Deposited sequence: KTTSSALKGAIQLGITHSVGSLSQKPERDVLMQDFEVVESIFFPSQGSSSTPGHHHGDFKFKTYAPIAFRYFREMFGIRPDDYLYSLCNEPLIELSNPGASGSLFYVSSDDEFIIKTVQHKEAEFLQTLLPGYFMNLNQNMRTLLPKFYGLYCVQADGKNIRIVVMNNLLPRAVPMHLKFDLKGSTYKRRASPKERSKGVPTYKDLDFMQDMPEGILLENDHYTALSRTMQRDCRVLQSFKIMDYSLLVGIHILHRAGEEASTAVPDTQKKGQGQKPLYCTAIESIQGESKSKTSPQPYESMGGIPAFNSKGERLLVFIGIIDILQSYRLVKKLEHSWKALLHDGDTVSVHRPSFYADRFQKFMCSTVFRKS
């Protein structure tokens, strides 16, 4: 009945039906064909035989690449009931991150961004490439996409993507940093510093934390190799301007990453590459630019931000 909560409900309604029915059909493998599908389903306010009930205001629900996401979800270990529950059965909490409404699952596991038709279309083209990545680099840092959907509310189209909340309220985040390996204007806006645990940027990290984050020689090795891979993918996709988001938690489930500190403390660190849906279509930056971006990015992360012994 609120302007936006109007939508929260289509979302909750829609995903419940969509995935609802999928779980009844039997599981098969995913074919190429599957990435290019869009299934649609009409929710009338009076309700139908399939799509019954309401009080939110007449909508159509579009689901993209259902089987692919089913499969991605599995690969990510997100059992359907948990998906459905966390998302459909527990009030969606809105958020104001600086057009583009963001949301969280009541349980903080799932961020839900809206996206512009461009990004959405783009991501649809990422799918197969994404599949090849998941099945080769099981520890990939990329976003975890659990679903892509669209809501037709009266006139226009709201496109949402559903994904992982890299740092959920559950573990208390002592530090948050957001990195690109560039420097310009790469400082926390005064507004942002006037916040609890703020998200700092590259220069901030470089003054505030010159010792950099130290790393057990094994762990280092891994991370390094994974980013080198993720960066290769990202690049191949003519993608840039994405950041390594890093969550440092000091200790003054244990599935983060063990690092020692600038001083001598123990820390459990959480990271993920984020903001990945911005690509330039060849079919204005130079050909070699993304490689440049990923090189710089990778080299930065593994030579400053993270180091060994």
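Residues of the deposited sequence missing from the coordinate set occupy positions 99 to 101, 256 to 300, 332 to 346.
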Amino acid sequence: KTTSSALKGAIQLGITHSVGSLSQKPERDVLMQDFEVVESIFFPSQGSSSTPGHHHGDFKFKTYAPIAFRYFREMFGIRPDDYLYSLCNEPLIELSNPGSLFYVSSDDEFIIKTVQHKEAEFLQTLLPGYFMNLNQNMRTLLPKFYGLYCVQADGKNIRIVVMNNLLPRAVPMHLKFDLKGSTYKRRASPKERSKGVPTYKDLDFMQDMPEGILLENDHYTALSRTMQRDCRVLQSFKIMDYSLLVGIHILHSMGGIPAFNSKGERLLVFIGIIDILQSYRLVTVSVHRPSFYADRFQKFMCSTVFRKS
From here on, numbers count along this sequence of modelled residues.
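Just going by the entry, 238 to 246 versus 53 to 61 on mean CA temperature factor gives the higher value to 53 to 61. For the pair 23 to 31 and 261 to 269, the mean Cα B-factor is higher in 261 to 269. Among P172, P128, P80, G181, the highest C-alpha B-factor recorded in the PDB entry belongs to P172. Across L84, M132, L95, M227, the greatest Cα temperature factor reported in the deposited entry is at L95.
Placement of the Cα temperature factor of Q116 within the chain: middle third of the modelled residues, per the deposited record. In the deposited entry, the Cα temperature factor of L13 places it in the middle third of its chain's modelled residues.
The PDB entry assigns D154 a C-alpha temperature factor belonging to the highest third of its chain's modelled residues.
Ranked by Cα temperature factor within the chain, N165 sits in the middle third according to the deposited record. For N137, the recorded CA temperature factor ranks within the lowest third of the chain's modelled residues.
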